[PDB]
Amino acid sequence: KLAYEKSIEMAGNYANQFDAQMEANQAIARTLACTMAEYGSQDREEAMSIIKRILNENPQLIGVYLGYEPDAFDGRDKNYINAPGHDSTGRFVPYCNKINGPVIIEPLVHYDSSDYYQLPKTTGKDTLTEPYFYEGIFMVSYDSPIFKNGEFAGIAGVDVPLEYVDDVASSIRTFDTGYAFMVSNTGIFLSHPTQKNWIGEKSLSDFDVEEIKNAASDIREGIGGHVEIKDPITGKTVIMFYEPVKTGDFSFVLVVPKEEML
């Protein structure tokens, strides 16, 4: 019992450790959205300088961006058609990033259809995408709507690489062979100490094991809990303790061999 309780508190502790930097990254995008909502200077080069500075001052980010509805930044999309950092619409959609190494600004793509833009637009709320790969890099995006005159004008966002999650979670050891990993809200692995091919590829909901499917349903709802799983080949029971990460309802999971715990 004291054994279970210590493990529940450990899982909650690490879930909140991971949550702290996520709350900071969410606040960066949100604070940029507040600022842009009041930005009547309407100076595209200055706004590009601002997102470049925020990227440079935050090494945990790989991209910082703004994406606006037609004519919503400055009423002058026609004057920026195919300008540097722009596409053939002239919409202000600068994506300042270091994905390919050096810092560049290019237009966002898929803003008319992808969730990073469409979810804030339709919900009016700050959003966090499911983790994904983009040009070889595992990341998540945080996006906040920009409301001007009470109306949706666009989004401000940041891209956050998640390699650090694997670096940190895959070194956690508990008891003799206990270990830990993180998953997204839909149960996709963000880390695993041995199965690197599972990262961003497999979900808990993919396991043909009733208890792991039950955990994954709880994680999807942001609920903490634990399941006990008996391996019918070895006869051993492992307990998976999962505790929600408040930002996004991701989950931190500790996997502990029951016989070691007791």
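From 1 onward, residues are counted along the sequence shown.
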*Mean temperature factor over C-alpha atoms, higher-scoring stretch between 28-36 and 66-74*: 66-74
*Do the C-alpha atoms of 57-65 or of 205-213 have the higher average B factor in the entry?*
205-213
*Sort 144, 191, 141, 177 by C-alpha B-factor from the entry and give me just the highest.*
177
*Report the third (lowest, middle or highest) to which the CA temperature factor of residue 218 belongs, ranking only the modelled residues of the same chain.*
middle
_residue 230 by Cα B-factor - lowest, middle or highest third of the modelled chain_ = highest
*Lowest, middle or highest third of the chain for the C-alpha temperature factor of residue 148?*
middle
*Could you say whether, by C-alpha temperature factor, residue 86 belongs to the lowest, middle or highest third of its chain?*
lowest
_Where the record places residue 22 (Cα B-factor, split into thirds across the chain)_ = lowest
